[PDB]
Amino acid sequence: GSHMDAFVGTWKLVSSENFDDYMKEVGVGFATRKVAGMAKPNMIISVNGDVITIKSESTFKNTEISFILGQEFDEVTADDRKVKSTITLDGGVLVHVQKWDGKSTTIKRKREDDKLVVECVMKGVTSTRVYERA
């Protein structure tokens, strides 16, 4: 077992706040904001050895990343940014930093009660997206 295993499973989005504003700050265009903002993703998190896989599945896109904690990787995001990503596990929180074009956004994933809470930050704008087990 590992501490990280409280994230493993299949999660469904139950609430979102300020996601349109977060996407605007990231630079997402109008049409993608509208369709992606309507999405109700499931988040599938699995661990096999040192490799963590996180999939976001929705009517908009199916996206999947696999990574080792602390080891940078190239990621194509749902809005088609080509970013350099590093994910670490710091005090029980998965911290995902994406770098591109001299910009940075950080996505934190935390367990709180029976929720998995995703906090997304860009240039002072936060979105909070709350998931529960499927």
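In case it trips you up, residue 1 is the first one in the sequence shown, and so on.
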Sorting by Cα B-factor within the chain, modelled residues only, which third would residue 114 end up in: lowest, middle or highest? highest
Would you check the entry's CA temperature factor for residue 120 and let me know if it's in the chain's lowest, middle or highest third? lowest
Assigned third (lowest, middle, highest) for the C-alpha B factor of residue 23: lowest
When the deposited Cα B-factors of this chain's modelled residues are ordered and cut into thirds, is residue 103 in the lowest, the middle or the highest one? highest
CA B-factor ranking of residue 31, expressed as a third of its chain: middle
